[PDB]
$ cat data.txt   # compact mmCIF, C-alpha atoms
# COMPACT_ATOMS: atom_id res chain seq x y z
CA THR A 162 56.60 132.83 97.82
CA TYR A 163 58.19 131.55 101.02
CA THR A 164 61.73 130.17 101.28
CA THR A 165 63.39 127.05 102.72
CA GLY A 166 66.83 126.28 104.08
CA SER A 167 69.13 126.09 107.07
CA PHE A 168 70.14 129.05 109.22
CA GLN A 169 72.50 130.20 111.97
CA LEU A 170 71.12 132.42 114.74
CA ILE A 171 73.26 134.45 117.16
CA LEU A 172 71.57 136.07 120.16
CA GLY A 173 73.18 138.52 122.56
CA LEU A 174 72.23 140.29 125.78
CA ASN A 175 73.94 143.65 126.41
CA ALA A 176 76.64 142.61 123.92
CA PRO A 177 76.87 145.31 121.23
CA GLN A 178 79.29 143.23 119.12
CA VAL A 179 76.49 140.85 118.07
CA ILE A 180 75.14 143.20 115.37
CA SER A 181 78.48 142.78 113.61
CA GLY A 182 77.57 139.10 113.16
CA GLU A 183 80.83 137.82 114.69
CA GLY A 184 79.89 137.37 118.36
CA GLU A 185 81.62 134.37 119.97
CA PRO A 186 79.74 132.52 122.73
CA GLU A 187 80.41 133.90 126.20
CA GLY A 188 78.90 134.11 129.66
CA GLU A 189 75.99 132.08 131.00
CA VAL A 190 73.05 131.12 128.78
CA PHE A 191 69.77 133.07 128.91
CA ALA A 192 67.47 131.68 126.18
CA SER A 193 66.29 128.20 125.23
CA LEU A 194 64.22 126.37 122.64
CA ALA A 195 60.50 126.88 123.15
CA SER A 196 59.34 123.62 121.54
CA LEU A 197 60.99 121.59 124.33
CA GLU A 198 58.30 122.76 126.78
CA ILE A 199 55.61 120.59 125.15
CA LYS A 200 55.14 117.46 122.99
CA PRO A 201 56.71 116.98 119.51
CA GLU A 202 54.64 116.75 116.31
CA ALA A 203 53.69 113.30 115.04
CA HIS A 204 54.19 112.14 111.46
CA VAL A 205 52.18 109.17 110.19
CA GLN A 206 52.22 107.31 106.87
CA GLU A 207 50.37 104.21 105.69
CA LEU A 208 51.43 102.07 102.73
CA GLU A 209 50.27 98.88 101.03
CA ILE A 210 52.89 96.36 99.88
CA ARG A 211 52.75 93.06 98.00
CA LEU A 212 55.31 90.23 98.10
CA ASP A 213 55.42 88.51 94.71
CA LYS A 214 57.06 85.15 94.09
CA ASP A 215 60.36 86.76 93.04
CA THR A 216 59.99 89.85 95.28
CA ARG A 217 59.68 88.38 98.77
CA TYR A 218 62.25 90.86 100.18
CA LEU A 219 61.57 94.59 100.48
CA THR A 220 63.38 97.47 102.18
CA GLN A 221 62.42 101.10 102.80
CA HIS A 222 64.63 104.03 103.80
CA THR A 223 63.65 106.47 106.54
CA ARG A 224 64.56 110.14 106.90
CA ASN A 225 67.06 111.32 109.49
CA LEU A 226 65.90 111.35 113.11
CA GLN A 227 66.89 113.95 115.69
CA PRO A 228 68.17 112.73 119.07
CA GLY A 229 65.42 111.93 121.55
CA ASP A 230 62.91 110.98 118.84
CA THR A 231 61.05 107.66 118.71
CA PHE A 232 60.01 105.32 115.90
CA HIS A 233 57.06 102.94 115.60
CA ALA A 234 55.75 100.62 112.89
CA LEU A 235 53.15 97.89 112.50
CA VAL A 236 52.14 95.50 109.71
CA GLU A 237 48.73 93.87 109.21
CA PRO A 238 47.90 91.52 106.32
CA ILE A 239 44.99 92.22 104.01
CA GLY A 240 43.67 88.67 104.36
CA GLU A 241 44.83 85.13 105.11
CA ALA A 242 48.45 85.86 104.19
CA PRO A 243 50.99 84.58 106.75
CA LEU A 244 52.67 87.08 109.04
CA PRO A 245 56.09 88.16 107.71
CA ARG A 246 59.20 89.03 109.70
CA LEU A 247 60.13 92.60 110.63
CA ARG A 248 63.41 94.18 111.72
CA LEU A 249 65.14 97.56 111.80
CA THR A 250 68.66 98.24 110.53
CA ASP A 251 70.74 101.32 109.75
CA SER A 252 71.97 102.30 106.28
CA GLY A 253 74.94 99.95 106.75
CA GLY A 254 72.79 97.01 107.83
CA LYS A 255 73.56 97.00 111.56
CA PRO A 256 70.43 95.67 113.31
CA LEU A 257 68.62 97.80 115.88
CA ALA A 258 65.34 96.05 116.73
CA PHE A 259 63.16 93.07 115.82
CA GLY A 260 59.41 92.79 115.41
CA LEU A 261 57.28 91.28 118.18
CA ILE A 262 54.22 89.12 117.54
CA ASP A 263 51.30 90.27 119.68
CA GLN A 264 49.16 87.92 121.75
CA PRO A 265 46.30 88.40 119.24
CA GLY A 266 48.65 87.04 116.61
CA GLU A 267 47.43 88.96 113.57
CA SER A 268 50.02 91.77 113.44
CA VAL A 269 53.65 92.57 114.25
CA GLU A 270 54.94 95.73 115.92
CA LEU A 271 58.37 97.34 116.20
CA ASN A 272 59.81 100.04 118.45
CA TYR A 273 63.03 102.04 118.63
CA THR A 274 64.43 105.15 120.32
CA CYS A 275 67.09 107.57 119.11
CA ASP A 276 70.47 108.00 120.81
CA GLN A 277 72.95 109.30 118.23
CA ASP A 278 72.99 112.78 116.69
CA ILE A 279 71.66 111.52 113.34
CA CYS A 280 70.09 108.13 112.58
CA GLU A 281 69.38 106.77 109.09
CA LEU A 282 67.17 103.69 109.38
CA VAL A 283 66.00 100.98 107.00
CA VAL A 284 62.87 98.87 107.55
CA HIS A 285 63.07 95.25 106.41
CA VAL A 286 60.02 93.16 105.52
CA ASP A 287 60.57 89.66 104.14
CA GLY A 288 58.39 86.63 103.48
CA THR A 289 61.18 84.19 102.64
CA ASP A 290 60.32 81.76 105.42
CA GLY A 291 60.71 78.91 102.93
CA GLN A 292 60.32 78.46 99.18
CA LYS A 293 56.53 78.28 98.79
CA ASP A 294 55.06 80.28 95.90
CA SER A 295 52.03 81.59 97.78
CA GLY A 296 51.30 84.06 94.98
CA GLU A 297 49.89 87.52 95.62
CA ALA A 298 50.24 88.02 99.38
CA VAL A 299 49.60 91.67 100.25
CA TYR A 300 50.19 93.49 103.54
CA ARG A 301 49.36 96.89 105.02
CA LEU A 302 52.18 98.86 106.65
CA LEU A 303 51.62 101.68 109.14
CA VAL A 304 54.54 103.80 110.35
CA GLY A 305 54.95 106.83 112.59
CA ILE A 306 57.59 109.08 114.11
CA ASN A 307 56.86 110.47 117.59
CA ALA A 308 53.46 108.76 117.18
CA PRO A 309 52.94 106.01 119.79
CA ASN A 310 49.20 105.91 118.95
CA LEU A 311 49.59 103.94 115.70
CA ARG A 312 47.31 101.23 117.12
CA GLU A 313 44.32 103.61 116.89
CA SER A 314 45.40 106.59 114.80
CA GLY A 315 41.96 107.95 113.94
CA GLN A 316 43.31 110.90 111.96
CA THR A 317 44.43 110.61 108.36
CA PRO A 318 48.23 110.53 107.81
CA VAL A 319 49.44 113.85 109.20
CA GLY A 320 52.71 115.73 108.82
CA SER A 321 54.96 114.52 106.02
CA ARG B 37 99.26 106.62 131.66
CA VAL B 38 98.51 105.94 127.97
CA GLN B 39 99.62 103.03 125.79
CA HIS B 40 99.09 102.18 122.11
CA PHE B 41 98.61 98.81 120.41
CA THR B 42 98.00 97.65 116.84
CA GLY B 43 96.83 94.28 115.58
CA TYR B 44 94.86 92.30 113.03
CA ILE B 45 91.63 90.30 113.40
CA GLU B 46 90.90 87.27 111.20
CA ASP B 47 87.42 85.72 111.05
CA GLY B 48 86.49 86.70 114.60
CA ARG B 49 89.62 85.51 116.41
CA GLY B 50 90.25 87.95 119.25
CA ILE B 51 93.40 89.11 121.01
CA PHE B 52 93.89 89.12 124.78
CA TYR B 53 95.83 91.81 126.64
CA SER B 54 96.99 91.41 130.24
CA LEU B 55 96.69 94.12 132.91
CA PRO B 56 98.91 92.85 135.74
CA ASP B 57 98.10 93.85 139.33
CA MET B 58 95.64 96.72 139.11
CA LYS B 59 94.62 98.37 142.38
CA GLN B 60 91.10 98.94 143.68
CA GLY B 61 89.85 102.42 142.83
CA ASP B 62 91.59 102.67 139.46
CA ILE B 63 89.66 103.67 136.33
CA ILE B 64 90.34 101.88 133.04
CA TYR B 65 89.65 103.52 129.68
CA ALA B 66 89.54 101.81 126.28
CA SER B 67 89.00 102.86 122.68
CA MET B 68 89.20 100.81 119.48
CA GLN B 69 89.06 102.22 115.95
CA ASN B 70 89.00 100.61 112.52
CA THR B 71 92.04 101.34 110.34
CA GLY B 72 91.38 99.03 107.38
CA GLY B 73 88.87 96.51 106.09
CA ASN B 74 85.32 96.01 107.34
CA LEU B 75 86.16 95.35 111.01
CA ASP B 76 83.53 96.24 113.60
CA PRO B 77 85.32 96.73 116.95
CA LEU B 78 84.24 95.15 120.24
CA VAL B 79 85.97 95.40 123.63
CA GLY B 80 85.39 93.56 126.90
CA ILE B 81 87.10 93.24 130.28
CA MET B 82 87.21 90.21 132.58
CA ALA B 83 89.21 88.67 135.41
CA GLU B 84 89.88 85.07 134.34
CA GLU B 85 91.08 84.58 130.76
CA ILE B 86 88.67 82.32 128.85
CA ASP B 87 88.22 82.17 125.08
CA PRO B 88 84.80 83.64 124.15
CA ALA B 89 84.78 81.79 120.81
CA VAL B 90 82.76 78.79 122.03
CA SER B 91 80.09 80.96 123.67
CA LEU B 92 79.85 83.55 120.89
CA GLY B 93 79.57 80.82 118.25
CA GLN B 94 76.22 79.70 119.65
CA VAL B 95 74.87 83.21 118.99
CA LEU B 96 75.71 82.82 115.30
CA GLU B 97 74.22 79.32 115.43
CA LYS B 98 70.87 80.58 116.59
CA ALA B 99 70.45 83.54 114.38
CA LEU B 100 71.44 81.62 111.33
CA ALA B 101 68.47 79.37 111.83
CA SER B 102 65.72 81.60 112.97
CA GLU B 103 64.62 85.02 113.95
CA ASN B 104 66.26 84.89 117.37
CA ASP B 105 66.84 88.64 117.50
CA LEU B 106 70.61 88.97 117.57
CA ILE B 107 70.65 92.21 119.55
CA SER B 108 68.93 90.47 122.35
CA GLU B 109 70.97 87.29 122.31
CA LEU B 110 74.33 89.13 122.06
CA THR B 111 73.57 91.39 125.03
CA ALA B 112 72.58 88.44 127.23
CA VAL B 113 75.72 86.48 126.34
CA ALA B 114 78.00 89.51 126.74
CA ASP B 115 76.56 90.38 130.16
CA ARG B 116 77.62 86.88 131.26
CA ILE B 117 81.04 86.62 129.58
CA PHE B 118 82.33 90.08 130.47
CA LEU B 119 82.18 92.32 133.51
CA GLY B 120 82.03 95.33 131.17
CA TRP B 121 81.87 95.94 127.43
CA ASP B 122 80.94 98.40 124.69
CA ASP B 123 80.00 98.01 121.02
CA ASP B 124 79.35 101.39 119.35
CA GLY B 125 80.01 104.04 121.98
CA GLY B 126 82.43 106.03 119.83
CA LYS B 127 82.46 107.81 116.48
CA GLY B 128 80.74 105.44 114.09
CA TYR B 129 81.09 101.76 115.01
CA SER B 130 84.10 102.35 117.27
CA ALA B 131 83.96 101.29 120.92
CA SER B 132 84.76 103.24 124.08
CA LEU B 133 84.69 101.89 127.63
CA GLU B 134 85.03 103.17 131.19
CA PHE B 135 85.47 100.59 133.95
CA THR B 136 86.16 101.14 137.65
CA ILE B 137 88.45 98.42 139.05
CA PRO B 138 86.26 96.50 141.54
CA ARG B 139 88.84 94.91 143.86
CA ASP B 140 92.62 94.39 143.91
CA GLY B 141 94.14 91.97 141.41
CA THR B 142 94.83 91.46 137.72
CA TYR B 143 92.41 91.51 134.79
CA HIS B 144 92.25 90.78 131.05
CA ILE B 145 91.14 92.95 128.12
CA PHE B 146 89.56 91.26 125.08
CA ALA B 147 89.57 92.88 121.63
CA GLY B 148 87.78 91.37 118.67
CA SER B 149 84.84 91.50 116.29
CA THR B 150 81.13 91.71 117.04
CA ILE B 151 78.33 89.99 115.11
CA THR B 152 76.73 92.32 112.57
CA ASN B 153 74.81 92.45 109.29
CA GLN B 154 76.15 94.51 106.37
CA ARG B 155 73.64 93.83 103.57
CA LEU B 156 70.26 95.17 102.47
CA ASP B 157 69.18 92.43 100.04
CA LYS B 158 69.13 89.68 102.69
CA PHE B 159 69.86 89.25 106.39
CA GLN B 160 73.02 87.29 107.24
CA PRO B 161 74.93 87.90 110.49

$ encode --input "data.txt" --output "structure tokens"
Amino acid sequence: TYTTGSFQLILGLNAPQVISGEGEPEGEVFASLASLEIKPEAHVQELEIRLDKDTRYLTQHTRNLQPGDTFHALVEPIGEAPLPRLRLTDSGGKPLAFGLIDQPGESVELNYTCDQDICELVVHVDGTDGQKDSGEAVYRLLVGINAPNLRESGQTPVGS
Amino acid sequence: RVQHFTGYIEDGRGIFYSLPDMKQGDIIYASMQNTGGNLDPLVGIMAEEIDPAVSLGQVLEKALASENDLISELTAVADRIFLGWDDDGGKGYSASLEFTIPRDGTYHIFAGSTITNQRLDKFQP
């Protein structure tokens, strides 16, 4: 089988002490990450959620994001259900962004960009506008990382 | 030139510090860290000393009643109240600020609490 985990890589140029595994950084750099020369891989996931009478509030946790990454999400109701509110907060609850209602007011979209070294985000969807017991309102949620094309994905959910 | 201060914040009541007679061309640096409780630091600099409580209260008044998007409304109000400010520029929720002294005169430094949410079951700034 294959293996998974984290690693440390030390590269040297005309520095015979590297093969000992204890080479300290020195001199002027000579190699760089290759993936930075092109575009990052997109990850897309689609989920269906339902807001019951006693379950009008729902939260979902997102994996850690590397600096420079971007985040997108959109919600579209199955039918005549009213549009809920959308916002983005960290694991502590500090807000980061709020959902925007499009001119064709049938869906809400959200956007964010990464600045810190590691970001742990939580997506909030709530239908507690009042106290009406609408019943079995159901919504479709589409989310992507480094995937600005969530409006017209085309492909099935790729990545992880 | 480095100086230390320690204080306590109660229910979003800030503390003013006076910087008498700075000279044009000087660079101010600020950093504020939490040492106890759930405080979320905020720092701002201004010329004329005015209490931000009345202006910042309207931000809590709007969010409490609607969507309003706090992160938008707070930035717009802060860009009016202060000449310069920072919320989370440091390690964690700590603030850090660099400010070049525009002209010659005295200025005021404002330390206090920002408006935040700290729950996942419901939203309440």

$ residues_around --input "data.txt" --residues "segment 101-117 of chain B" --least-positions-apart "5" --cutoff "10 Å" --atoms "all atoms listed in the file" --output "ChimeraX atom specification"
/A:246-248,255-261,290 /B:80-82,86-88,91-92,94-96,122,150-153,161

$ write_last_selection --input "data.txt" --atoms "C-alpha atoms" --output "PDB file, in the coordinates of the input"
ATOM      1  CA  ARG A 246      59.200  89.030 109.700  1.00  0.00           C
ATOM      2  CA  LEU A 247      60.130  92.600 110.630  1.00  0.00           C
ATOM      3  CA  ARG A 248      63.410  94.180 111.720  1.00  0.00           C
ATOM      4  CA  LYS A 255      73.560  97.000 111.560  1.00  0.00           C
ATOM      5  CA  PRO A 256      70.430  95.670 113.310  1.00  0.00           C
ATOM      6  CA  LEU A 257      68.620  97.800 115.880  1.00  0.00           C
ATOM      7  CA  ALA A 258      65.340  96.050 116.730  1.00  0.00           C
ATOM      8  CA  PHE A 259      63.160  93.070 115.820  1.00  0.00           C
ATOM      9  CA  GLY A 260      59.410  92.790 115.410  1.00  0.00           C
ATOM     10  CA  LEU A 261      57.280  91.280 118.180  1.00  0.00           C
ATOM     11  CA  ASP A 290      60.320  81.760 105.420  1.00  0.00           C
TER      12      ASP A 290
ATOM     13  CA  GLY B  80      85.390  93.560 126.900  1.00  0.00           C
ATOM     14  CA  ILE B  81      87.100  93.240 130.280  1.00  0.00           C
ATOM     15  CA  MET B  82      87.210  90.210 132.580  1.00  0.00           C
ATOM     16  CA  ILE B  86      88.670  82.320 128.850  1.00  0.00           C
ATOM     17  CA  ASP B  87      88.220  82.170 125.080  1.00  0.00           C
ATOM     18  CA  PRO B  88      84.800  83.640 124.150  1.00  0.00           C
ATOM     19  CA  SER B  91      80.090  80.960 123.670  1.00  0.00           C
ATOM     20  CA  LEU B  92      79.850  83.550 120.890  1.00  0.00           C
ATOM     21  CA  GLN B  94      76.220  79.700 119.650  1.00  0.00           C
ATOM     22  CA  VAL B  95      74.870  83.210 118.990  1.00  0.00           C
ATOM     23  CA  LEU B  96      75.710  82.820 115.300  1.00  0.00           C
ATOM     24  CA  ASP B 122      80.940  98.400 124.690  1.00  0.00           C
ATOM     25  CA  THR B 150      81.130  91.710 117.040  1.00  0.00           C
ATOM     26  CA  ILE B 151      78.330  89.990 115.110  1.00  0.00           C
ATOM     27  CA  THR B 152      76.730  92.320 112.570  1.00  0.00           C
ATOM     28  CA  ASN B 153      74.810  92.450 109.290  1.00  0.00           C
ATOM     29  CA  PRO B 161      74.930  87.900 110.490  1.00  0.00           C
TER      30      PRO B 161
END

$ atom_distance --input "data.txt" --atom1 "atom CA of residue 223 of chain A" --atom2 "atom CA of residue 306 of chain A"
10.0 Å

$ closest_atom_pairs --input "data.txt" --of "chain A" --to "chain B" --cutoff "12 Å" --atoms "all atoms listed in the file" --output "JSON lines"
{"residue": "A:216", "atom": "CA", "partner": "B:157", "partner_atom": "CA", "distance": 10.7}
{"residue": "A:217", "atom": "CA", "partner": "B:158", "partner_atom": "CA", "distance": 10.3}
{"residue": "A:218", "atom": "CA", "partner": "B:157", "partner_atom": "CA", "distance": 7.1}
{"residue": "A:219", "atom": "CA", "partner": "B:157", "partner_atom": "CA", "distance": 7.9}
{"residue": "A:220", "atom": "CA", "partner": "B:156", "partner_atom": "CA", "distance": 7.3}
{"residue": "A:221", "atom": "CA", "partner": "B:156", "partner_atom": "CA", "distance": 9.8}
{"residue": "A:222", "atom": "CA", "partner": "B:156", "partner_atom": "CA", "distance": 10.6}
{"residue": "A:245", "atom": "CA", "partner": "B:103", "partner_atom": "CA", "distance": 11.0}
{"residue": "A:246", "atom": "CA", "partner": "B:103", "partner_atom": "CA", "distance": 8.0}
{"residue": "A:247", "atom": "CA", "partner": "B:103", "partner_atom": "CA", "distance": 9.4}
{"residue": "A:248", "atom": "CA", "partner": "B:105", "partner_atom": "CA", "distance": 8.7}
{"residue": "A:249", "atom": "CA", "partner": "B:105", "partner_atom": "CA", "distance": 10.7}
{"residue": "A:250", "atom": "CA", "partner": "B:153", "partner_atom": "CA", "distance": 8.5}
{"residue": "A:251", "atom": "CA", "partner": "B:154", "partner_atom": "CA", "distance": 9.3}
{"residue": "A:252", "atom": "CA", "partner": "B:156", "partner_atom": "CA", "distance": 8.3}
{"residue": "A:253", "atom": "CA", "partner": "B:154", "partner_atom": "CA", "distance": 5.6}
{"residue": "A:254", "atom": "CA", "partner": "B:154", "partner_atom": "CA", "distance": 4.4}
{"residue": "A:255", "atom": "CA", "partner": "B:153", "partner_atom": "CA", "distance": 5.2}
{"residue": "A:256", "atom": "CA", "partner": "B:153", "partner_atom": "CA", "distance": 6.8}
{"residue": "A:257", "atom": "CA", "partner": "B:107", "partner_atom": "CA", "distance": 7.0}
{"residue": "A:258", "atom": "CA", "partner": "B:107", "partner_atom": "CA", "distance": 7.1}
{"residue": "A:259", "atom": "CA", "partner": "B:105", "partner_atom": "CA", "distance": 6.0}
{"residue": "A:260", "atom": "CA", "partner": "B:105", "partner_atom": "CA", "distance": 8.8}
{"residue": "A:261", "atom": "CA", "partner": "B:105", "partner_atom": "CA", "distance": 9.9}
{"residue": "A:262", "atom": "CA", "partner": "B:103", "partner_atom": "CA", "distance": 11.7}
{"residue": "A:276", "atom": "CA", "partner": "B:125", "partner_atom": "CA", "distance": 10.4}
{"residue": "A:277", "atom": "CA", "partner": "B:125", "partner_atom": "CA", "distance": 9.6}
{"residue": "A:278", "atom": "CA", "partner": "B:127", "partner_atom": "CA", "distance": 10.7}
{"residue": "A:279", "atom": "CA", "partner": "B:128", "partner_atom": "CA", "distance": 11.0}
{"residue": "A:280", "atom": "CA", "partner": "B:128", "partner_atom": "CA", "distance": 11.1}
{"residue": "A:282", "atom": "CA", "partner": "B:156", "partner_atom": "CA", "distance": 11.4}
{"residue": "A:283", "atom": "CA", "partner": "B:156", "partner_atom": "CA", "distance": 8.5}
{"residue": "A:284", "atom": "CA", "partner": "B:156", "partner_atom": "CA", "distance": 9.7}
{"residue": "A:285", "atom": "CA", "partner": "B:156", "partner_atom": "CA", "distance": 8.2}
{"residue": "A:286", "atom": "CA", "partner": "B:158", "partner_atom": "CA", "distance": 10.2}
{"residue": "A:287", "atom": "CA", "partner": "B:158", "partner_atom": "CA", "distance": 8.7}
{"residue": "A:288", "atom": "CA", "partner": "B:158", "partner_atom": "CA", "distance": 11.2}
{"residue": "A:289", "atom": "CA", "partner": "B:158", "partner_atom": "CA", "distance": 9.7}
{"residue": "A:290", "atom": "CA", "partner": "B:102", "partner_atom": "CA", "distance": 9.3}
{"residue": "A:291", "atom": "CA", "partner": "B:102", "partner_atom": "CA", "distance": 11.5}

$ write_last_selection --input "data.txt" --atoms "C-alpha atoms" --output "CSV table (one decimal), in the frame of the given file"
chain,number,residue,atom,x,y,z
A,216,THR,CA,60.0,89.8,95.3
A,217,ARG,CA,59.7,88.4,98.8
A,218,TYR,CA,62.2,90.9,100.2
A,219,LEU,CA,61.6,94.6,100.5
A,220,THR,CA,63.4,97.5,102.2
A,221,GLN,CA,62.4,101.1,102.8
A,222,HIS,CA,64.6,104.0,103.8
A,245,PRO,CA,56.1,88.2,107.7
A,246,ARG,CA,59.2,89.0,109.7
A,247,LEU,CA,60.1,92.6,110.6
A,248,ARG,CA,63.4,94.2,111.7
A,249,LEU,CA,65.1,97.6,111.8
A,250,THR,CA,68.7,98.2,110.5
A,251,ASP,CA,70.7,101.3,109.8
A,252,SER,CA,72.0,102.3,106.3
A,253,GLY,CA,74.9,100.0,106.8
A,254,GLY,CA,72.8,97.0,107.8
A,255,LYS,CA,73.6,97.0,111.6
A,256,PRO,CA,70.4,95.7,113.3
A,257,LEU,CA,68.6,97.8,115.9
A,258,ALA,CA,65.3,96.0,116.7
A,259,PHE,CA,63.2,93.1,115.8
A,260,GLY,CA,59.4,92.8,115.4
A,261,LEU,CA,57.3,91.3,118.2
A,262,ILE,CA,54.2,89.1,117.5
A,276,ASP,CA,70.5,108.0,120.8
A,277,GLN,CA,73.0,109.3,118.2
A,278,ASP,CA,73.0,112.8,116.7
A,279,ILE,CA,71.7,111.5,113.3
A,280,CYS,CA,70.1,108.1,112.6
A,282,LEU,CA,67.2,103.7,109.4
A,283,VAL,CA,66.0,101.0,107.0
A,284,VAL,CA,62.9,98.9,107.6
A,285,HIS,CA,63.1,95.2,106.4
A,286,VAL,CA,60.0,93.2,105.5
A,287,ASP,CA,60.6,89.7,104.1
A,288,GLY,CA,58.4,86.6,103.5
A,289,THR,CA,61.2,84.2,102.6
A,290,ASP,CA,60.3,81.8,105.4
A,291,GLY,CA,60.7,78.9,102.9

$ residues_around --input "data.txt" --residues "residue 184 of chain A" --least-positions-apart "3" --cutoff "12 Å" --atoms "all atoms listed in the file" --output "list in words"
residues 170, 171, 172, 173, 174, 175, 176, 177, 178, 179, 180, 181, 187 and 188 of chain A

$ atom_distance --input "data.txt" --atom1 "atom CA of residue 166 of chain A" --atom2 "atom CA of residue 233 of chain A"
27.8 Å

$ residues_near_point --input "data.txt" --point "(87.5, 90.2, 120.1)" --cutoff "9 Å" --atoms "all atoms listed in the file" --output "number ranges by chain"
B: 45, 48-52, 77-80, 88-89, 146-150

$ atom_distance --input "data.txt" --atom1 "atom CA of residue 209 of chain A" --atom2 "atom CA of residue 238 of chain A"
9.4 Å

$ residues_around --input "data.txt" --residues "residue 137 of chain B" --least-positions-apart "3" --cutoff "9 Å" --atoms "all atoms listed in the file" --output "PyMOL selection string"
chain B and resi 58-64+140-141

$ residues_around --input "data.txt" --residues "residue 308 of chain A" --least-positions-apart "3" --cutoff "9 Å" --atoms "only C-alpha atoms" --output "PyMOL selection string"
chain A and resi 202-205+231-233+304-305+311+314

$ closest_residue --input "data.txt" --among "A:182, A:320, A:309, A:240" --to "residue 211 of chain A" --atoms "only C-alpha atoms"
A:240

$ axis_aligned_box --input "data.txt" --around "segment 53-60 of chain B" --padding-each-side "3 Å" --output "AutoDock Vina command-line options"
--center_x 95.0 --center_y 95.2 --center_z 135.2 --size_x 13.8 --size_y 13.5 --size_z 23.0

$ closest_residue --input "data.txt" --among "B:130, B:44, B:38, B:123" --to "residue 72 of chain B" --atoms "all atoms listed in the file"
B:44

$ residues_near_point --input "data.txt" --point "(49.4, 88.6, 110.2)" --cutoff "12 Å" --atoms "all atoms listed in the file" --output "PyMOL selection string"
chain A and resi 235-247+261-270+288+298-302

$ write_last_selection --input "data.txt" --atoms "C-alpha atoms" --output "mmCIF file, keeping the file's coordinate frame"
data_model
loop_
_atom_site.group_PDB
_atom_site.id
_atom_site.type_symbol
_atom_site.label_atom_id
_atom_site.label_comp_id
_atom_site.auth_asym_id
_atom_site.auth_seq_id
_atom_site.Cartn_x
_atom_site.Cartn_y
_atom_site.Cartn_z
ATOM 1 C CA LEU A 235 53.150 97.890 112.500
ATOM 2 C CA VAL A 236 52.140 95.500 109.710
ATOM 3 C CA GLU A 237 48.730 93.870 109.210
ATOM 4 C CA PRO A 238 47.900 91.520 106.320
ATOM 5 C CA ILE A 239 44.990 92.220 104.010
ATOM 6 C CA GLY A 240 43.670 88.670 104.360
ATOM 7 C CA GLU A 241 44.830 85.130 105.110
ATOM 8 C CA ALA A 242 48.450 85.860 104.190
ATOM 9 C CA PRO A 243 50.990 84.580 106.750
ATOM 10 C CA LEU A 244 52.670 87.080 109.040
ATOM 11 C CA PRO A 245 56.090 88.160 107.710
ATOM 12 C CA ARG A 246 59.200 89.030 109.700
ATOM 13 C CA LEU A 247 60.130 92.600 110.630
ATOM 14 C CA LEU A 261 57.280 91.280 118.180
ATOM 15 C CA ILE A 262 54.220 89.120 117.540
ATOM 16 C CA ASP A 263 51.300 90.270 119.680
ATOM 17 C CA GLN A 264 49.160 87.920 121.750
ATOM 18 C CA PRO A 265 46.300 88.400 119.240
ATOM 19 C CA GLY A 266 48.650 87.040 116.610
ATOM 20 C CA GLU A 267 47.430 88.960 113.570
ATOM 21 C CA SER A 268 50.020 91.770 113.440
ATOM 22 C CA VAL A 269 53.650 92.570 114.250
ATOM 23 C CA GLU A 270 54.940 95.730 115.920
ATOM 24 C CA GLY A 288 58.390 86.630 103.480
ATOM 25 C CA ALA A 298 50.240 88.020 99.380
ATOM 26 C CA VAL A 299 49.600 91.670 100.250
ATOM 27 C CA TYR A 300 50.190 93.490 103.540
ATOM 28 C CA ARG A 301 49.360 96.890 105.020
ATOM 29 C CA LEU A 302 52.180 98.860 106.650
#
